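> Quick one: the structure is below, and I'll ask about it shortly.
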Amino acid sequence: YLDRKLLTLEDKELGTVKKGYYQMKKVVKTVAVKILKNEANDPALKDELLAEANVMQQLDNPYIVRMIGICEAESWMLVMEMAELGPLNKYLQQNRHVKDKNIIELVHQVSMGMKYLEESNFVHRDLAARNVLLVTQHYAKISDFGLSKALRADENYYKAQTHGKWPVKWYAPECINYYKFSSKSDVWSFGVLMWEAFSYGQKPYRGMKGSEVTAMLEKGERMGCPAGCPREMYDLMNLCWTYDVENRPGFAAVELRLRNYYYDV
Ligand SMILES: CCN(c1nc(NC2=CCC3=CNN(CCCO)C3=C2)ncc1F)c1cccc2[nH]ncc12
């Protein structure tokens, strides 16, 4: 638990998300803070951010945002290390001349963080371009573990009771149809994330309802190749969008396909 006296929050927001500065043992660290109301509080929101903090406490990878901790003060706060450039989709909407090599580098970093998460047997369940935050234009980190789950020791999937309020345009068919979430389900979401990154942060399945997306995917239809997207990257998106969960690659296989150097499998 963090000391409120060591935290300074900026007034101009990024409940709310504020930029702040947290005094460490010697240096001050720039932080991003999710703030929840203490009075008109939503217990389900409080439970979600507590669950998120529990997941973050168990993760340690260069491509996953690091948690500083929780501060219980005039409001309930979840304090993270700041990724200054913010969400990848917004960044690419505002910076349309980022080179192909650079987009490949960024999505490769996400695949490295996801290969770790897969190894760690956690499912992300909200893997979208908005949840990739940029440290620099050459360093991406995965964020928003609010829907993440630690897999049971005897299963490779998390079974939701039924459909909740979900980011359905990023979900694999087994998620929509059977409410089963595996690291393979995150690979499908990663394919949608790739499409977003090569479409300079455009929304996937523009103008379609979730039910229309489900019917499109069941028919074997997929989003078209983004204008100017490298052919090899579009091919990798289609492999990520393998309908059958058993034939879809895991993140180890996907991460290999995003490397820009010779390697052995
Ligand atoms: C996305 C908000 N955010 C972060 N945010 C940032 N950097 C940002 C830098 C600039 C920016 C502009 N907009 N946003 C998104 C605000 C949330 O809607 C921005 C985020 N770095 C690290 C972060 F951790 C968070 C803080 C606390 C808990 C959290 N869980 N999931 C994300 C998150």
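Residues displayed in chain A correspond, in order, to Swiss-Prot positions 364-377, 383-633.
Going by what the header records, the deposited coordinates were determined by X-ray crystallography, 1.7 Å.
Including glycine, each Cβ sits where the backbone N, Cα and C put it.
What Swiss-Prot records for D494 is active site, proton acceptor, and it gives sequence analysis as the kind of evidence. Here Swiss-Prot flags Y364, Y484, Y507, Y525, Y526, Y629, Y630, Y631 (among others) as phosphotyrosine. The phosphothreonine annotation in Swiss-Prot covers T384, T530, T582. Under the heading phosphoserine, Swiss-Prot lists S579, citing experimental evidence as support.
Could you place the listed features in the three-dimensional structure?
With a cut-off of 8 Å between CB atoms and residues at least 6 apart in sequence, the same chain places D512, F513, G514, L515, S516, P535, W538, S557 near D494 (active site, proton acceptor), listed in sequence order.
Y364 (phosphotyrosine): 7 other CB atoms within 10 A of its CB, across all protein chains. The secondary structure of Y364 (phosphotyrosine), as reduced to three states from DSSP, is coil rather than helix or strand.
Other Cβ atoms within 10 Å of the Cβ of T384 (phosphothreonine), summed over all protein chains shown, number 12.
DSSP classifies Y484 (phosphotyrosine) as helix under the three-state reduction.
Neighbour density for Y507 (phosphotyrosine): within 10 A of its CB lie 15 other CB atoms from the protein chains shown. In three-state terms derived from DSSP, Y507 (phosphotyrosine) belongs to an extended strand segment.
Secondary structure from DSSP puts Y525 (phosphotyrosine) in a beta strand. Within 10 Å of the C-beta atom of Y525 (phosphotyrosine) sit 20 other C-beta atoms, taking all shown protein chains into account.
Shown in sequence order, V491, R493, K517, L519, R520, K548, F549, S550 are the residues of the chain, 6+ apart in sequence, with a C-beta less than 8 angstroms from the C-beta of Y526 (phosphotyrosine).
Under 8 Å, Cβ to Cβ, and six or more positions away along its own chain, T530 (phosphothreonine) finds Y547. According to its DSSP assignment, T530 (phosphothreonine) is coil.
The Cβ of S579 (phosphoserine) lies under 8 Å from the Cβ of no residue that sits 6+ residues away along the same chain.
Sequence-distant neighbours of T582 (phosphothreonine) (same chain, 6+ apart, CB under 8 A from its CB) are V536, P541, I544, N545.
For the recorded site, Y629 (phosphotyrosine), the DSSP three-state label reads coil.
The Cβ neighbour count for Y631 (phosphotyrosine), using a 10 Å radius over every protein chain in view, is 6.
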> Measuring Cα to Cα, how many angstrom lie between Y629 (phosphotyrosine) and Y507 (phosphotyrosine)?
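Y629 (phosphotyrosine) to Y507 (phosphotyrosine), Cα-Cα distance: 18 Å.
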> Where the distance is taken from Cα to Cα, which of the modified residues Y484, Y525, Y630 turns out closest to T384 (phosphothreonine)?
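Nearest by Cα distance to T384 (phosphothreonine): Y484.
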> Tell me which of the modified residues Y484, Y629, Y630 sits in the most Cβ-dense spot, judged by other Cβ atoms within 10 Å.
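Within the set of modified residues, the most crowded position is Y484.
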